[PDB]
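Peer 1: Handing you this structure, nothing more for now.
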Amino acid sequence: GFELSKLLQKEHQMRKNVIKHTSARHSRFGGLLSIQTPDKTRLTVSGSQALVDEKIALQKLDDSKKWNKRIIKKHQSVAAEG
Amino acid sequence: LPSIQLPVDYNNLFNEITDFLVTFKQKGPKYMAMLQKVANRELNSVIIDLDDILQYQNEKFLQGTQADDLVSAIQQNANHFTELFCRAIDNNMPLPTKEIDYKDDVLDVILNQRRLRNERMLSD
Amino acid sequence: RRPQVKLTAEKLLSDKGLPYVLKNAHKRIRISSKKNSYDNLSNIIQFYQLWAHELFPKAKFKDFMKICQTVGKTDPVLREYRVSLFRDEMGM
DNA sequence: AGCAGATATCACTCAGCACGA
DNA sequence: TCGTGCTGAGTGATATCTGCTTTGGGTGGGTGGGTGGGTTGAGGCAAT
């Protein structure tokens, strides 16, 4: 029981840290942000957290990107060597 | 898409429409005053009176500079003439006489920033 | 049959690139003793991420880093550039 | 016309070797 | 143990072609259902 309570508290802290990334209003509220680069060009982001925070805005900008660089992993089946 | 030779020249009709809008009188021109009112956000609807077009055609014929029958062309095919009249009005919209809050409108800001971005791209 | 976009040495050496970093990177970046370490790290990453985004939008940040690594290892012109930089600074 | 499944032809990564340093 | 190609076939990936089916209405049916819509008019039946 003591370990279960400690783990529940750990999960509670993790959820609390996660909460800052969630919007109080529903998804379809529809807030649009415009962020100004050092040069006079504006980028568009969506979400309340984007308007209220900047680090969240850049994280979303990053996250929204589609292109992924290939990662090749050298996997050896243990059953192959017996 | 085989072609046909119809007896209508839209360029001459557009010139007719522009001349009617600019010069027609019935003070200054009635439609010029209407466009001035529209520019100042005082009017949101412009109505073209076919009677005015007929009177203008009669006056032009009397003066000897006979012009195309615009009333019949409008009546026979009105969908195209709506766009033609809109283009003619746009090409001769007077500058506003009453200052307005341009920055309030979203479209004004968006188009201004598009112009800025285009200028930056061209400078590149 | 479509040419892919790559972070070529050409790109890196353009006006928007390494010369851009040298021209204006000390002004924007600032490591503060009165600020938290995480804040300073985030500020540095912020500057370099915006520069990267400007330069090469296709990739993410980390991906960008990796690409940079490979380019720098491979390209001989980039190497020259770097050496040039270093030399010119050592002469001051 | 639009959409979902599929074929096939397009590159890119780690792989490794010869020279010389 | 760095740099610069030359080789290389493997492991992708993304730019690129091959076949439904649909609206709704009986010019797909009642071995797809009637709680996915249509549907007002006539007809037969039981409780009244």
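Peer 1: Would you work out the charge dipole size for chain A about its Cα centre, treating the Cβ of every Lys and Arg as +1 and the Cβ of every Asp and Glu as -1, and quote it to the nearest 20 debye?
Peer 2: For this selection, approximately 200 debye.
Peer 1: Suppose a student asked you for the relative contact order of chain A, using Cα pairs under 8 Å spaced at least 6 residues apart; what percent would you report?
Peer 2: Over chain A, the number comes to 17 percent.
Peer 1: What number does the range B:6-98 give for Rg over Rh if you use C-alpha atoms and the Kirkwood radius?
Peer 2: Checking Rg against Rh, the ratio lands at 0.97.
Peer 1: Scan the range C:5-49 for chymotrypsin sites (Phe, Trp or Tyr not before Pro) in coil per DSSP, keeping those whose Cβ has at most 11 other Cβ atoms within 10 Å, and list them by number.
Peer 2: The qualifying sites: there are none.
Peer 1: OK, next. In a shell of Cβ-Cβ distance under 13 Å around B:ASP9, excluding B:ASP9 itself, what net charge do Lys and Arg (+1) and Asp and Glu (-1) give?
Peer 2: Spelling it out: positives minus negatives among the neighbours equals -3.
Peer 1: Rounded to the nearest 500 deg cm²/dmol, what is the calculated helix-only ellipticity per residue at 222 nm for chain B, with -39500 (n - 2.57) per DSSP H run of length n ≥ 4?
Peer 2: Rounded to the nearest 500, it is -19500 deg cm²/dmol.
Peer 1: Report, to the nearest 10°, how far helix C:76-90 tilts away from the longest principal axis of the Cα atoms in chain C, using its own Cα long axis and a range of 0 to 90°.
Peer 2: 40
Peer 1: Further, regarding this structure: Give the residue from A:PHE2, A:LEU43, A:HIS12 lying farthest towards the positive end of the charge dipole for the range A:1-72; charges sit on Cβ (+1 for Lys and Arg, -1 for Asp and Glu) and the dipole is referred to the Cα centre.
Peer 2: A:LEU43
Peer 1: Would you please name the trypsin sites (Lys or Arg not before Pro) within the range C:1-55 that are DSSP coil residues with at most 11 other C-beta atoms within 10 Å of their C-beta?
Peer 2: Answer in residue order: C:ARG1, C:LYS27, C:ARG30, C:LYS34.
Peer 1: In nanometres, what is the gap between the two model label sites at A:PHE29 and B:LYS103, each 7 Å from Cα along Cα-to-Cβ?
Peer 2: That separation, rounded to one decimal, is 2.7 nm.
Peer 1: Let me ask another. Determine the distance separating the Cα centre of the range B:10-43 from the Cα centre of the range C:25-92; give it in Å without decimals.
Peer 2: Between the Cα centres of the range B:10-43 and the range C:25-92 lies a distance of 61 Å.
Peer 1: Moving on to the next point. With no solvent and one equal point scatterer per Cα, compute the Debye intensity ratio I(q)/I(0) for chain A at 0.13, 0.25 Å⁻¹ and report its log10, rounded to two decimals.
Peer 2: At q = 0.13, 0.25 Å⁻¹ the computed log10 ratios are -0.71, -1.19.
Peer 1: A further question follows. Enter the mean number of other protein chain beta carbons within 10 Å of the beta carbon of each residue in A:38-50, as an integer.
Peer 2: Mean shielding count: 2.
Peer 1: If the reach is capped at under 29 angstrom between alpha carbons, list the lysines near B:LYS37, excluding any in the same chain fewer than eight residues apart.
Peer 2: Qualifying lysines at Cα under 29 Å: B:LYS25, B:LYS27, B:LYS60, B:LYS98, B:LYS103.
Peer 1: If you don't mind, there's one more thing I want to ask. Kirkwood hydrodynamic radius of the range C:36-92 from all distinct Cα pairs, in Å?
Peer 2: 13.2
Peer 1: May I ask you to list the chymotrypsin sites (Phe, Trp or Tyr not before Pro) in chain A that are in a DSSP loop and have at most 13 other Cβ atoms within 10 Å of their Cβ?
Peer 2: Sparse-neighbourhood loop chymotrypsin sites (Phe, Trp or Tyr not before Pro): A:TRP67.
Peer 1: Of the listed pairs A:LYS73/C:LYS66; A:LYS20/C:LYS62; A:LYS66/C:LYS62; A:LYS16/C:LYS62; A:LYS40/A:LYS65; A:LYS55/C:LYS60, which have alpha-carbon separations greater than 20 Å here?
Peer 2: Result: A:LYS20/C:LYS62; A:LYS16/C:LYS62; A:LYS40/A:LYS65 exceed 20 Å.
Peer 1: Relative to the longest principal axis of chain C, what angle (0 to 90°, nearest 10) does the C-alpha long axis of helix C:61-74 take?
Peer 2: Orientation of helix C:61-74: about 50 degrees from the principal axis.
Peer 1: Which three semi-axes in whole Å describe the equivalent ellipsoid of the protein assembly as shown, each the square root of 5 times a Cα gyration tensor eigenvalue, listed largest first?
Peer 2: They are 63, 28, 24 Å, listed from largest to smallest.
Peer 1: Using only Cα atoms, find the angle between the long axis of helix A:2-19 and the longest principal axis of chain A, and express it within 0 to 90 degrees, rounded to the nearest 10.
Peer 2: 30
Peer 1: Could I ask something else about it? For chain C, what does the relative contact order come out to in percent, with C-alpha contacts under 8 Å and a separation of six or more?
Peer 2: 34
Peer 1: Let me ask something else about it. Nearest 20 debye, what's the magnitude of the dipole of the protein assembly as shown about its Cα centre given +1 on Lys and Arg Cβ and -1 on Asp and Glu Cβ?
Peer 2: For this selection, approximately 2840 debye.
Peer 1: Would you calculate a helix-derived [θ] at 222 nm for chain C, using -39,500 (n - 2.57) for each DSSP H run of n ≥ 4 and dividing by the full residue count, to the nearest 500?
Peer 2: Rounded to the nearest 500, it is -19500 deg cm²/dmol.
Peer 1: To continue, here is another question. Report the charge-dipole magnitude of chain B in Debye, nearest 20, computed about the Cα centre from +1 at each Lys and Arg Cβ and -1 at each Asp and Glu Cβ.
Peer 2: Roughly 360 debye, rounded to the nearest 20.
Peer 1: Something else now. Go ahead and run the numbers for FRET between A:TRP67 and B:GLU119, Cβ-Cβ distance against an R0 of 25 Å, rounding to 0.05.
Peer 2: That gives a FRET efficiency of 0.25.
Don't worry about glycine lacking a Cβ; one is built from the backbone with ideal geometry, like all the others, and counts go over all protein chains shown. Read-outs throughout are calculated quantities, based only on the coordinates presented, and are distinct from any laboratory measurement.
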